[PDB]
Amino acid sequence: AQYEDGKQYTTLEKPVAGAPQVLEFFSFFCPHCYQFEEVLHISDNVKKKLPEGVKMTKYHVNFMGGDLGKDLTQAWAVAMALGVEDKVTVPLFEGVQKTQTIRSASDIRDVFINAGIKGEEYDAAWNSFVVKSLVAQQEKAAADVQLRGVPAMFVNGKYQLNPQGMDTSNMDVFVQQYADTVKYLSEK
């Protein structure tokens, strides 16, 4: 076959019921996740190849960066609750990995302030129980698949993308093969 279990993707032998259709996991500490966002635009390219209006979800993970890693999971929960993911993704990646100006929860907050989120708006969300539940949701989804590596994408809680079996000599071909594989897996 052209797509084979163990090549472009792997199959969870403990499938996850009720999981989002397309679920991505990342960390602002994760170097390939940086490339996935700024260089390859994996998420948008996958969306362009999926049918109209299918749900794509993207969650942060705790297991990179220790204490700040957990702060970033809470900040991503804030970003999801306010709907400002498109405004803070790039400055958070660059603040952590390029300029290395993100060293504390206060530095994370500064990114939101600079992006136009009001201070009282950010603090109220940060301490809200809705965000507490969003943090729990992100942790549970990662736990459901015993996730230990990022970037990761799962399709229908059953298939895990395997980018290690994709040619990386051409970045555009890589993204296309990745997106086409997600489309193929979604149609199973």
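Each residue number is its position in the shown sequence, starting from 1. In this text, rigid core is short for the largest set of C-alphas that superpose within 1.5 Å between two forms.
Chemist: Quick one: core-superposed, which stretch strays further from the shown model in 5 other deposited structures of this protein, 48-56 or 153-161? Go by RMS C-alpha distance.
Modeler: Greater root mean square C-alpha distance in 5 other deposited structures of this protein: 48-56.
Chemist: Tell me which stretch, 44-52 or 128-136, has the higher mean Cα B-factor listed in the entry.
Modeler: 44-52 has the higher mean C-alpha B-factor.
Chemist: Using the B-factors recorded in the PDB entry, average over the C-alpha atoms of 113-121 and of 69-77, then report which stretch comes out higher.
Modeler: Of 69-77 and 113-121, the stretch with the higher C-alpha B-factor average is 113-121.
Chemist: Taking the Cα B-factors listed in the entry, which of 160, 57, 27, 156 comes out highest?
Modeler: 156 has the highest C-alpha B-factor of those listed.
Chemist: Within this chain's modelled residues, let me know which third the CA B factor of residue 145 belongs to: lowest, middle or highest.
Modeler: For residue 145, the deposited C-alpha B-factor lands in the highest third.
Chemist: Taking only the Cα B-factors deposited for this chain, tell me whether residue 173 sits in the lowest, middle or highest third.
Modeler: Residue 173: CA B-factor falls in the middle third of its chain.
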